[PDB]
């Protein structure tokens, strides 16, 4: 609901996207910006000094116009809003902390974690890494209704804490595709190469539409039942990189404001499921989040001492698009060790 939170989180989304594509320019991308934003906001709760400022600025907050306390309350309100009951769309977001029982935590930290981020503190025996890994993965599998089963691949036996966020999304199209109209068709990987995919179709449809001639792309909005929708951006053949370079809060605002209703004779959309697993360490470094990974890490808001450091931030996401609607889930984990 927060205008300043929406602006920072969208700036972060597009800055993250651009780094992911730079890292792996030939790959599908799928990730949840709000899952990663919330996980790192959760982390910043325990951060102090340069570690803290780097995280908040990396999340694209203007600290000359907002404070850490405002940010945390904004995320609290976001989680409350996202997790409201709904009869139309399924959406849930949860946070948890898995902590070695022997690790002394500030009362202020665990209280704030629960109050602001809805997070319990789960005592976890990381020295039994296989069982600790199973527990965290089960938490994510439960939260994502089975969609994400292997967020944690490896877990150091000397892990002290893991912060986890998940998002679960299941929605029906306002205008669903008839499966009888789904046919094998070409999906062109390049001008010369294609793969055969099930191509769904809708006919005689009136939807928001914008041909962006300057950017050589077409934008359409398809609605879910509920307060969610999806912006599809279709660059002309071989213009994807030109469009990616223009991705920004300003461009998305422009697109949203330029859409007009148009009767579409035929719309063709593949039925597909894609997933990606990410090690976000180099990504977050590129966005300026550095000290939290170093021996100079200041996470003294968690314990009272500068005795913890991030080892790895991971993210996994899955997107399933089909005739009835969309299912998408993601989860983010912040692994923390002793320092």
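Numbering follows the first chain given and starts at 1.
Note on 29-37 vs 51-59: mean CA B-factor is higher in 51-59. The mean Cα B-factor in the deposited entry runs higher for 86-94 than for the other of 231-239 and 86-94. Across 167, 103, 164, 219, the greatest Cα temperature factor reported in the deposited entry is at 103. Note on the listed residues 182, 185, 119, 73: the highest Cα temperature factor in the record is that of 73. Ranked by C-alpha B-factor against the other modelled residues of its chain, residue 24 falls in the middle third. The deposited CA B-factor of residue 336 belongs to the lowest third of values across its chain. Among the modelled residues of its chain, residue 77 has a C-alpha B-factor that falls in the highest third according to the deposited record. The PDB entry assigns residue 269 a C-alpha temperature factor belonging to the lowest third of its chain's modelled residues. Among the modelled residues of its chain, residue 200 has a C-alpha B-factor that falls in the lowest third according to the deposited record.
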